[PDB]
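Student: Chains as they are written, first to last, in the authors' numbering: chain W, 19 to 123; chain V, 346 to 502; chain S, 346 to 502; chain B, 346 to 502; chain X, 289 to 339. For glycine and all other residues, C-beta sits at the position ideal for the given N, C-alpha and C.
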Amino acid sequence: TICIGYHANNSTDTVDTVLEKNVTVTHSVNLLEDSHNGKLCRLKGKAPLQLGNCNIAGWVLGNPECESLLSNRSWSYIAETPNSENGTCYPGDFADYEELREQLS
Amino acid sequence: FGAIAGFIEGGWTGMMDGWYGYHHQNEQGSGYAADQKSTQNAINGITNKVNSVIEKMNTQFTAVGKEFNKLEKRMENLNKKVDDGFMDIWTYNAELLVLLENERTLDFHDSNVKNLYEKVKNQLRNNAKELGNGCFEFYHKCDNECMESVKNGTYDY
Amino acid sequence: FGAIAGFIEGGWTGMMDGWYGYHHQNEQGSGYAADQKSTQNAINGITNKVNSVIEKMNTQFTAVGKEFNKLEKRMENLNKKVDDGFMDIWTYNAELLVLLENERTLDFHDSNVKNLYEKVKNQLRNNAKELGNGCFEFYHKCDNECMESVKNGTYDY
Amino acid sequence: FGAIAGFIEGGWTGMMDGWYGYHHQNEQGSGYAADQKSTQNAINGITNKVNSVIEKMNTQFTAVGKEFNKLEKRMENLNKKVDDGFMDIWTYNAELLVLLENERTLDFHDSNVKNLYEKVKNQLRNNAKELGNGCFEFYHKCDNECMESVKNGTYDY
Amino acid sequence: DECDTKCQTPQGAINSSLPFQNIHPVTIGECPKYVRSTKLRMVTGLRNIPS
Ligand SMILES: *[C@@H]1O[C@H](CO)[C@@H](O[C@@H]2O[C@H](CO)[C@@H](O[C@@H]3O[C@H](CO)[C@@H](O)[C@H](O[C@H]4O[C@H](CO)[C@@H](O)[C@H](O)[C@@H]4O)[C@@H]3O)[C@H](O)[C@H]2NC(C)=O)[C@H](O)[C@H]1NC(C)=O
Ligand SMILES: *[C@@H]1O[C@H](CO)[C@@H](O[C@@H]2O[C@H](CO)[C@@H](O[C@@H]3O[C@H](CO)[C@@H](O)[C@H](O)[C@@H]3O)[C@H](O)[C@H]2NC(C)=O)[C@H](O)[C@H]1NC(C)=O
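1) Residue 326(X) and residue 52(W) - do their beta-carbons sit closer together than 9 angstroms?
2) How about residue 118(W): is its C-beta nearer than 9 angstroms to some C-beta of chain S?
3) Under 9 angstroms between the Cβ atoms of residue 331(X) and residue 451(V)?
4) Along the chain, where does the beta strand (DSSP E) containing residue 480(B) start, and where does it finish?
5) Within the same chain, show all residues whose beta-carbon is closer than 6 angstroms to that of residue 353(S), passing over the 5 residues directly before and after it, in chain order.
6) Taking DSSP as the reference, what is the three-state secondary structure of residue 112(W)?
7) Quick one: using the 10 Å Cβ neighbour count with 16 as the cut-off for buried, is residue 399(S) buried or exposed?
8) Am I right that residue 67(W) and residue 97(W) are in contact with their C-beta atoms under 8 angstroms? What's the rounded C-beta distance?
9) Compute the distance between the beta-carbons of residue 338(X) and residue 26(W), then report whether it is under 9 angstroms.
10) Quick check on the contact list: which residues have their beta carbon closer than 7 angstroms to a heavy atom of ligand 2?
11) Distance check for residue 421(B) and residue 415(B), CA to CA, integer angstroms please.
12) Starting from residue 475(V), trace the beta strand (DSSP E) in both directions and tell me its first and last residue.
13) Do residue 357(B) and residue 388(B) have their C-beta atoms closer together than 9 angstroms?
14) For residue 427(S), which residues in chain V fall below 9 angstroms Cβ to Cβ?
15) Return yes when the C-beta of residue 76(W) is under 8 angstroms from any heavy atom of ligand 1, and no when it is not.
16) Whose C-beta lies closer than 7 angstroms to the C-beta of residue 349(B) among residues of the same chain, with five residues either side of it excluded?
17) Would you mind listing the alpha helix (DSSP H) stretches within the stretch 399 to 441 of chain S that are 4+ residues and don't spill past its ends, in chain order?
18) So residue 393(V) packs on residue 487(V), CB below 8 angstroms; how close in whole Å?
19) With a threshold of 8 angstroms, are at least 3 pairs of Cβ atoms found where one atom belongs to the stretch 313 to 323 of chain X and the other to the stretch 75 to 88 of chain W?
20) Within 10 angstroms of its Cβ, does residue 476(B) collect 16 or more other Cβ (buried), or is it exposed?
21) Excluding the 5 residues flanking residue 373(B) on each side, which residues of the same chain have their C-beta closer than 7 angstroms to its C-beta?
22) Could you name the residues of chain X that residue 402(V) contacts, counting a contact when the two beta carbons are closer than 9 angstroms?
23) Can you name the residues that DSSP bridges to residue 368(S)?
24) At a cut-off of 8 angstroms, is residue 109(W) close to ligand 1 when judged by its beta-carbon and the heavy atoms of the ligand?
25) Tell me, please, which residues DSSP counts as bridged to residue 308(X).
26) By the DSSP assignment, the alpha helix (DSSP H) with residue 495(S) in it spans what residues?
27) Please tell me whether residue 432(V) and residue 433(B) are closer than 9 angstroms, where the distance is taken between their beta carbons.
28) Residue 100(W): beta carbon under 8 angstroms from a heavy atom of ligand 1?
29) Considering only their Cβ atoms, is the gap separating residue 75(W) from residue 108(W) smaller than 9 angstroms?
30) Looking at C-alpha atoms only, which residue of 377(S), 460(S), 362(S) and 412(S) is the closest neighbour of residue 492(S)?
31) State the DSSP-derived secondary structure class of residue 60(W), mapped to helix, strand or coil.
Right under this line is the structure:
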């Protein structure tokens, strides 16, 4: 005889269709970035400004718990930490705070 | 069509070389052959299709975050509304695009084998019993010199 | 294909049981039969398709309204722009999705009957005149014991 | 299907009147004929399809611009985010819609000629050698009075 | 870390070749659009039937 057929594999890959769910398939590719690398990386060739135990308020005012800037710097974004509480040690209101943060990013 | 998983039931595991082809029992090699055109035109088309779902989305530099003070709740909510809006649109349009174009891809293989099967039945005519399984009993069981020429689709009478 | 409203012209009103099947004139029951597989696989697929256009849209809690004072017209307009934007996107994408997937649904029935017709013609072979209407004149007008077995697609010579 | 650029290879330049039809060599006119129904139903359907990609987008009056002072950078960026968002959505959805519905349009012609070819082969039966090119050698080379009646699909035995 | 990316997210960076990501909605850079999805797998081949 002579037949005409197609390929089959030992692949476990399952996909969904509009007419039937969980169809097992020979070859597939992912469209969904599900994983991240867990590290702060450089953006546009620049490293972020890392404020540490300080926030922008504390850093730009010279809160004594903030590390002072040594050289001229560039940065592509600003990184704060969940425990960056050191801002205005003498209490009061910081005018247009959010605006300044956005403009310094 | 009804070629894939219709009258050609299941599939073959023995084709390490391609996606479509033939299985011949005559007087020699019982192996399988790939159709380097029926297949290398599909991969030329599928990789073209994935690469355009991937790369047709150009996206600019964007910092999504916005920070608002306690007397700016309205802005905060307007901003959240915009983020929820896009999320809802891209989530719905992506999930369905994947769903629909997957069926469009599985049909592509139906239309391909059905045309490859019709590339030999509309060529061999009444020189074989047209078994419904997707297979043809040969009247002069071609040797390996002839069978390798039906791949190119070339016969005589 | 050209099965539906092509060479099978109009349709039958006498099938209270299903969507696809047969009509036999032989020596007994002149009724219609449903193909409980050709049909119960379509409903398994269509209800699957509606339920995913419905349920693939998850949507969060959202209060769309925003209120602005007479010196906040810009915000008011930015907000209105966002609402008009979504309206335009969902209105256009929905109207077209309905339009396109309706044609994809009507084709589904063409590809189904054309395969059911080809499920018996590619099985009965030259034991009937293949009338273009979508109907076959039987050489040994099968009784009700045989005709009910062509439904399963089972013959002899 | 495999009709267009499959077994009917290339196409004909000689049809100033329509999109689909026939070429007959018998004993008289060597010209081409248009199928004023196979064609005037396609144009009724395509112009319907373009006119709905065009006109299903209703859009309101909108002034996209917004102006912000130097202490309103956040709003400025929120606004820019909204504009980039729509741009990204309409650019991606349009590019792909054009891409996909173009293939849906080229298939439409495959399914049309394949049904027109099957409108005469499923009608003439064994009164011609069914050449794989998409052409039929006539047993009683019909004159211009008969050939113009196969267009309507009308024969005898 | 001494890495470069096109897209940084609050828990880390992400490869931005894929058009959709579900890590976090509030990103910075040239990023995949955020979706609430969990699986978006697209077919390149056929269905396995080796019974
Ligand atoms: C930089 O940031 C650190 C924190 O990351 C910050 O240290 C914190 O200082 C505050 C205020 O000096 C401390 O809070 C006090 O803790 C003592 C106990 O040790 C309490 O008695 C204090 O009572 C006050 O608040 C009570 C209500 O909570 C009132 O009832 C009472 O009357 C007082 O007002 C107060 O809670 C806090 O413990 C530390 N945290 C740490 C981790 O050390 C530091 O001051 C910042 N420095 C600068 C320059 O910004
Ligand atoms: C601190 O300031 C000095 C200058 O005041 C910075 O030096 C600059 O370093 C960059 C690094 O690449 C140089 O950029 C390059 O410039 C050429 C043109 O000269 C451009 O074609 C390249 O594409 C690239 O951008 C820049 O020229 C240089 N400037 C000077 C005046 O030398 C230094 O980078 C600053 N420090 C930090 C940490 O940012």
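Tutor: Taking the geometry as given:
1) yes
2) no
3) yes
4) 480 to 483
5) 479
6) coil
7) exposed
8) 7 angstroms
9) yes
10) 89(W), 90(W), 91(W) and 92(W)
11) 9 angstroms
12) 473 to 476
13) no
14) 423, 426, 427 and 430
15) yes
16) 454, 455 and 458
17) none
18) Actually they do not touch by this definition, with Cβ atoms about 36 angstroms apart.
19) no
20) exposed
21) 488 and 489
22) 307, 308, 320 and 321
23) 377(S)
24) no
25) 50(W) and 321(X)
26) 489 to 495
27) no
28) no
29) no
30) 377(S)
31) strand
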